[PDB]
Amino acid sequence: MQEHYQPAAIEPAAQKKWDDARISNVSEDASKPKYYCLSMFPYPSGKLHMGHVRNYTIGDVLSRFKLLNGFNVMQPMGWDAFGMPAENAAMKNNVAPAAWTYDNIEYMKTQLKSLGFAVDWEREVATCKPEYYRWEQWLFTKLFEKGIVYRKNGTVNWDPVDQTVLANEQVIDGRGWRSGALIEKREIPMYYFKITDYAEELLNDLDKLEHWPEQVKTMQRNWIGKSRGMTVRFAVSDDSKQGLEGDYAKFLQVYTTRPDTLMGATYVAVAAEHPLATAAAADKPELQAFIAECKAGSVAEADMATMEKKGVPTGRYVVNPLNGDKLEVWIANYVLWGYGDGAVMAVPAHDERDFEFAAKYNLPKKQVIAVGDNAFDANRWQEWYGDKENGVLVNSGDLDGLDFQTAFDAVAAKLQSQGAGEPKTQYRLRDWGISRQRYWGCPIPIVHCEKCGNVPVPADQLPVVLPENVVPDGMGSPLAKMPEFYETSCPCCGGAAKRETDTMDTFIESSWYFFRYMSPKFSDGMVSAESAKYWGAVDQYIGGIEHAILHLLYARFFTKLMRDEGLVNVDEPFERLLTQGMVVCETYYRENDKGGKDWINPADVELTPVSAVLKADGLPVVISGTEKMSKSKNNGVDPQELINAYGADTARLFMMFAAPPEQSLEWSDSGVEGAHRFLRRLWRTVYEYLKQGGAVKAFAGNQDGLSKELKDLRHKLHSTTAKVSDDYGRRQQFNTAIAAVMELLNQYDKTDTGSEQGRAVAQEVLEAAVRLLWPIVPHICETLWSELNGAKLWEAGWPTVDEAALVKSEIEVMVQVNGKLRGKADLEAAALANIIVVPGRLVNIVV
């Protein structure tokens, strides 16, 4: 055994030992319990970043832990390959997105292999290959014929300078984020998944997920946004009907979740597109201007609640069906056409948004709920104003004194008897628009024929292959400019026809890839029945919190769609969910000519602990704040530089020790060095142990007869095994597991292990320590284990707790006063807490 730890000389050998043993290449072996551990697969963007290394090290720790516990562990990796990154790189570099993508995959794959992740590379998928995306085209066609996928006109943000469609997030003050041109609202036909048909199942099935973080489930519930409310119809006042047709001339229908407060409504509000808004605005320029502003907004959903709420009065009035009040109709920017009826009532005394709106416009606030003897102040919102549980109705006529549920039913009764309303369930959830006007994505398998309509491509003709010999130029979506792609014959009649040229939302590929891993070469279906039956669901899913709403909702939805098609047997794709925190780093810059900043990458900087300077010249830089690693402030630390300087195990150890997985992980030069020094210490501890006599049989069995010092070390050892097992298995807090092994090594360092029994215990300590750390730093532990013991580390298995090492050897002593037993220097103090002391047997209190 070499004296000094050298990662470069042991990490490739360990990797070849694992590869040759095919330990990570798993099959559907019915004789070993399965465990499916999945880290969210990466976009092949070019090179790994620290977020990747953190994520996949966490996944590898859990996978290797389960492997040592005897599970048949599938840990697959693949590439989420479609999307805008490659399209832009193409525009920037004059290369095909496919060529850029495949070169990135090859490079990043080598990087992942160099980190020693126990990955089943025979299950690799790349979502941009027709062998993958043919199956989501297949599902699309099946659902399209059932109406679960449908085609409908929708409104998009069109950027006329860049000639591209923009998400709301890419619109800044009504202008495209890159072009700076005013965007145009355009109506275009698009394809939608009818995910609202599954809203109730997606909501209720969250309750099954006892091993999901409660905040992820709360976010999904709020996103789905089910409410149980009341449709209420306010008759349009006789003076307010000009310009109105049909039922819009008769009543204004609203939806409310608080019909118990209907007696306290003081105005109503409609969307900009509502017919009452249109009729009121016909002669009123301020209203026309307000409506135009509302229609031109592009506020992202994440920002909707934060936008300033504004409205304009219409001079039109409706009548409250309960109390007969005439209420003015307002147009408001927070009422969205297409949600419910596009009209709401307002109760400013008991809804905080209505309170602030009414406070702004000096609209009335009417208390109709009381909570105890709490004083109501119309001028200041109090939390109890919105309480639904502990209030009773006041100022509500014959409804006074009722609680929420009784008042709800009473109002429903009154409204239904009048014909003025009825209970109604609503969902915030929108259907999922999947059309993208982009080239680098899965083609939509539709052919447009003027005789037959929008025709799904037959299953025998799938895939619709995306041509890879394309370099986007930026002047519009390439597929629409390629008649060699879109000109075709109709599969139903043989006539002239055109292929759909929009591609699929790339969330589609990540909504089912976890099933494709189960049989990635299966050519007769999305996933083979035998594989789906064996692997079932993902046991452990690991990924970033930014995917907690959309990706997870879509994956759950696709799972239920595939279940209903008879392809899988589970209702939910992911049993346990671990969401990792971001990686952050200090920022540095040097000053600018126009009073700005230009940002320096950390690896090009050297500190002095006073100031910092640039490595190339040694001139001063300015240390700035710490924030998430990104190209924006050039504070990404390249993991390849970390691996080149210290090796894979140091990178993995630092990532796992620096913070618990959910916490933000702060890049630290000294922390990286400390991780490396600990691996050197581990190496030296084993080297020095073996140099004093070589390996012996590890201590096992009855420890009666061991010295106290060695009993104490065995107690620490099995205490540490218990802690580490609970940290890996239950708490998923790997930093504390590492610290526990460090404390064990500290106690070992202070214990004399030179005797025959001491060497047996030292062997037991070191054999446990290297297996406890193997999930985290497998290369060095594999190597050290081989010097300690001739068995296959993965066949020795996870260390077992010896409960006998955890019980302490007590001796029962009799106590007596004046020679008569009255119960049963250290022993003197206990018998007084109960003086001749016959050592260990008798203590006598000279009364």
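Heads up, when I say rigid core I mean the largest set of C-alphas that superpose within 1.5 Å between the two forms. Heads up: residue numbers just count along the shown sequence, starting at 1.
In 8 other deposited structures of this protein, superposed by the rigid core, the C-alpha atoms of 353-361 lie farther from the shown form than the other of 425-433 and 353-361.
Taken in 8 other deposited structures of this protein and fitted on the core, 106-114 and 176-184 differ in how far their Cα atoms move from the shown form, and the one that moves more is 176-184. Figure legend: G671 is marked as modelled in all of the other comparable entries of the protein, none of which omit it, let alone a third. In the comparison with other entries of the same protein, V610 is left without coordinates in at least one third of those covering both sides of it.
Unmodelled residues of the deposited sequence between neighbouring positions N834 and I835 number 10 or more. Where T608 is followed by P609 in the displayed chain, the model omits 4 to 9 of the deposited residues that sit between the two. Of the two segments, 533-541 and 164-172, the one listed with the higher mean B-factor is 164-172 (C-alpha atoms only). Between the stretches 315-323 and 124-132, it is 315-323 that shows the larger average CA temperature factor. Between the residues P348, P443, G618, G729, the entry's highest C-alpha temperature factor is the one at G618. The PDB entry gives the largest Cα B-factor of the residues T783, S63, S39, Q816 to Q816. Residue-level temperature factors show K594 in the highest third of its chain, judged at the C-alpha atom. When the modelled residues of the chain are ordered by C-alpha B-factor, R771 sits in the lowest third.
Ranked by C-alpha B-factor against the other modelled residues of its chain, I58 falls in the lowest third. Per-chain ranking of the deposited C-alpha B factor places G342 in the lowest third. Per the PDB record, residue ranking by Cα B-factor puts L821 in the highest third of the chain.
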